[PDB]
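Read through the structure below, which is laid out as structure tokens, and then see the notes.
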Amino acid sequence: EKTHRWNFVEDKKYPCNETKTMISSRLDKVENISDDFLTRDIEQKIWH
RNA sequence: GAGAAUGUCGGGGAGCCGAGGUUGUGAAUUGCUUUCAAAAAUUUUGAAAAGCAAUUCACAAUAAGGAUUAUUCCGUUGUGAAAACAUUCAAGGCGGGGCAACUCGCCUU
Numbered sequence: 482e483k484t485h486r487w488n489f490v491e492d493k494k495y496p497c498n499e500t501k502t503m504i505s506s507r508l509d510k511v512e513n514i515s516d517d518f519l520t521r522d523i524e525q526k527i528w529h
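If you read the first sequence in PDB author numbering, its first letter stands for residue 482, the second for the next number, and so on.
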């Protein structure tokens, strides 16, 4: 904080792909799976 | 000035449902008025009917009307003479979703 600023509103948050990240959280909580089942195809499907 | 992304404040349109109210029918109870209709001393009481009601319940309709049997609707909007429109609108295929009806995406004219 003490030396740099990022040219955007200092106290504002900006969207960072909520969809995939929240899918990742819900796919993490289920467990009992390999940590590779989340790919482009699976993510787009479950989104649909 | 234009364009895209992110938030804030408003507006418009469409849709799925709910509870009353009102008018009318039927009923339970109780009234005001009038006539029949008897008794009694112009007046008081009793039977019946009608008019108007009140409290509660069930039901019918809720813009007059016109479709249709899809678990679908059109009727208070705008334009304007055509009483004609607008407010829904193609073909396919490649998929996701369900008991399936049906719903949701992608691809080329």
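By construction, the Cβ of each residue, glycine as well, lies at the ideal position given by its N, Cα and C atoms.
Separation of residue j from residue i, as counted between CA atoms
{"i": "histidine 529", "j": "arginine 507", "result": "16 Å"}
{"i": "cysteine 497", "j": "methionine 503", "result": "11 Å"}
{"i": "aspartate 517", "j": "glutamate 499", "result": "19 Å"}
{"i": "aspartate 509", "j": "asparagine 488", "result": "34 Å"}
{"i": "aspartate 492", "j": "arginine 486", "result": "11 Å"}
Inter-residue CB distance, residue i and residue j (contact presumed, cutoff 8 Å)
{"i": "residue 602", "j": "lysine 501", "result": "Any answer about residue 602 is impossible in this case: the structure gives the chain only from 482 up to 529."}
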